[PDB]
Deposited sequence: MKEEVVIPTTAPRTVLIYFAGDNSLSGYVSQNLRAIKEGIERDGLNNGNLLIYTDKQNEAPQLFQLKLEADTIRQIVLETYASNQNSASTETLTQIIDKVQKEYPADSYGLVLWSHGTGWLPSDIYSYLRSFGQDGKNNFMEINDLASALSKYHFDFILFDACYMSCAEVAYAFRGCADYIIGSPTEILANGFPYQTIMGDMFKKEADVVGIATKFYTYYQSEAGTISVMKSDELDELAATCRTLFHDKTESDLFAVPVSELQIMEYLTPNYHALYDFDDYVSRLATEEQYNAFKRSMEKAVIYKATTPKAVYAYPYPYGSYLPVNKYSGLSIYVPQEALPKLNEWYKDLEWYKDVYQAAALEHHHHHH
């Protein structure tokens, strides 16, 4: 018999209650198999779900003898809105209070449009994870990692917005469809004394290696330098300068609609605007900030239902970026409220 404190408490928060509830169940199956395969290094694993035809609930999963024990802690009223950041921080507070640990991690599962505005389709002339409210809500915490099991979250704008509340950010610059992350192989990595964020991303790549998927890991204390380096090439560009960049030449990252796209490869975009000197500086900053990245030959997209699309990843920096475009004035104006824009474009 040995005394020990928990090296980490991790909350996996499924913002479900939609067409994708089946996927929450599949992921819960993968998580239970992963705990049974790895154990949890004395850590605590808490799950929040809000499935359709089910009340929202917070429960612990733990290993007991040779098997999983689910302990349904709280069952919430059904007027609890799980896509609300107030709900998210209510749950985080409860977990931290009842499961204190040497450190914390957060997995946010939400398949949809990621951080882009609710009106995104409208803005492209054709949201729980709205970047400013979410970053504001989480800014009072400190996580060792946030794993975004969501589309398009590996972009400069998100990595920058969350730099203060997480040491590392794990996500995809493109879509993650179906179940999402391979929970059945990453559970032990989340609970090492230091979270093995590179392990987690390498497992995502290994799982999807014969199919399609993109992953990256950002080191948050390198993001201030990345923004400063980008500031040197963006802060003197007029709207007319920006609009002269031809997106038809750029590596696509986002593909929700067939005519206008918001997000493209970060490095590719910057290479159209930077001087040689600025571009070399940018590459050095990216080498420090993006500590792991991997991609298959193609990226997979939901559009068009129900077959979807596979598009070639010919350039891959591990980060997507918004590209301002003359044809997207409402999206350009929305963009002006992001912290990245204010600090980098000014």
property	result
Ranges of the deposited sequence (numbered from 1) for which no C-alpha atom is modelled	1 to 5, 132 to 138, 359 to 369
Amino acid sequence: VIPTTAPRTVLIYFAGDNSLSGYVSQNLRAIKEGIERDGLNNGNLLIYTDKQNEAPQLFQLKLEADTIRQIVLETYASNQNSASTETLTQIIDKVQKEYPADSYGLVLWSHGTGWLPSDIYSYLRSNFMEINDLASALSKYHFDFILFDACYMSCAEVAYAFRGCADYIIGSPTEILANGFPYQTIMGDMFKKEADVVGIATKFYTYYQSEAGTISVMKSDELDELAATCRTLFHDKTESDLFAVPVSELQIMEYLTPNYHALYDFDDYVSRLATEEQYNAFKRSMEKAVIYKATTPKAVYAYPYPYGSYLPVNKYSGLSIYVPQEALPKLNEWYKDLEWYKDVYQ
From here on, numbers count along this sequence of modelled residues.
item: Per the entry, higher mean C-alpha B factor between 281 to 289 and 61 to 69; value: 61 to 69
item: Average Cα temperature factor in the PDB entry - higher stretch of 314 to 322, 51 to 59; value: 51 to 59
item: Peak C-alpha temperature factor (PDB record), options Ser172, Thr238, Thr202, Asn179; value: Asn179
item: Peak C-alpha temperature factor (PDB record), options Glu74, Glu254, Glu222, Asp267; value: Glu74
item: Chain thirds of CA B-factor: placement of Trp115; value: middle
item: Within-chain third of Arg125 by Cα B-factor, per the entry; value: highest
item: Chain-relative CA temperature factor third for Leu11; value: lowest
item: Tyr183 - Cα temperature factor, lowest/middle/highest third of chain; value: lowest
item: Position of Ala299 among the chain's modelled residues by C-alpha B-factor, lowest, middle or highest third; value: middle
